[PDB]
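Coming up is one lone chain in structure tokens, specifically the form deposited in one PDB entry.
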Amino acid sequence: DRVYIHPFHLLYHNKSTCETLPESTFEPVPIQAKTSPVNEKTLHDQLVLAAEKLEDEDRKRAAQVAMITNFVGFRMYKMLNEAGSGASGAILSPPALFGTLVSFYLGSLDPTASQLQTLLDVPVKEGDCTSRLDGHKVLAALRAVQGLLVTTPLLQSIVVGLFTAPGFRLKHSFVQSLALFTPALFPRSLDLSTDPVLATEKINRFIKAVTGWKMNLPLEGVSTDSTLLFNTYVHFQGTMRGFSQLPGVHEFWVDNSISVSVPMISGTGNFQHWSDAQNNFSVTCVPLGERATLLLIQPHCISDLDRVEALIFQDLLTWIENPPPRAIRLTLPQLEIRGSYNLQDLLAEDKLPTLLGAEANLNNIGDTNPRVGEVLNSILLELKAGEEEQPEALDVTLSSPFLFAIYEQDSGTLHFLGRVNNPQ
């Protein structure tokens, strides 16, 4: 019934740890300040160092962070579908959402700190700090699983834009904590309280410029009394080794009566594929690198999609199986998936409208208690055909709505889940 996670290796172990130097602060530079674009290869090459040498302890921590990441991802994915999110489908990144939540937790104090911990499904003992998550162990374990994911060009980049009102000063230890989540961190100041819509225009133009990513960011304005926005931007890029684009276009059914003609990619490899008898769906796994897997889930028929989605995406992956690979001809739409949601909305959908509300104790973020506006998570996920265009096998053809997940075998972390209703 009520599942609890007991991530012992991510807790504080020294009661004493939890007559003081005043904490140091800085003022972020204005959003207009000249900034070099993020180098996605420099980020990659680093994350790869941070997964290279790992003792047994590190893998124990990475296994426990995986469980909390997945569970919270499943819960927020459920919140996402209840709020409704565009016709093309849904997409969510548990590592990014989880990273966001842990960043706030690092800036928070009670009651907010234990409320974030409860959300994450870890028990709290009122009075006992050694039952509390150590956010630094958590972010460090999350960095390692990001590293394991990306071991030809296989990219995942997380960028954080931290937008504050003029005069709001950030605490040093807070921002140094955020660097563990991602080194690509841009604290910037701008006038939030006079033209919400142009403030969003500035953030969108800023993000496009430091990343070069074509993301379709939301255009809605910031609430005029916001002093802190915390936006997380995710770029995933994979190549399908040996898949190439097929000639012309092919029917993809949006539902039983409506089709769209789209470009498909196709490839033949040794993949794993099974049919689930109990619930009547099938699954295909294609490797993206040495540790990453793409899972493609097909309902037997279109009207069974919601039932299947709710089975499989909601807390262990009881349904992942490990059959012998077999010769498979896989045909699917080239995936260029864009998504964005405000964590505030998902939290409100989860009956926690005020967790990050006006009374949240976030006093470890800066010099005053911030007043948090949006907390966006945005994704660009790109699966590219590994080859240009121009033997017995089983045909799997994704020509109607399906679900997908990108998954890392060692930790068990789901890095993405989603649903394609209409590629376009």
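So that there is no doubt, residue numbering starts at 1 and follows the sequence shown. What we label the rigid core is the largest C-alpha set whose atoms superpose within 1.5 Å from one form to the other.
Just so you know, the form deposited in another entry exists too; it's not on screen, but the next bit is about it.
Asker: Quick check for you: superpose on the rigid core, then look between the shown form and the other one for a C-alpha move of 2 Å or more. Which of 256, 224, 176, 354 is it?
Answerer: Once the cores are aligned, the residue moving by 2 Å or more is 256.
Asker: For residue 194, does the CA position differ by 2 Å or more between the shown form and the other one when the superposition is done on the rigid core?
Answerer: No, residue 194 moves less than 2 Å.
Asker: Would residue 134 count as moving between the shown form and the other one, using a Cα shift of 2 angstroms or more after superposing the core as the test?
Answerer: Shift of 2 Å or more: no.
Asker: If we fit on the core, is the Cα of residue 276 displaced 2 Å or more between the shown form and the other one?
Answerer: Yes; residue 276 is a residue whose C-alpha shifts (by 2 Å or more) between the shown form and the other one when the cores are overlaid.
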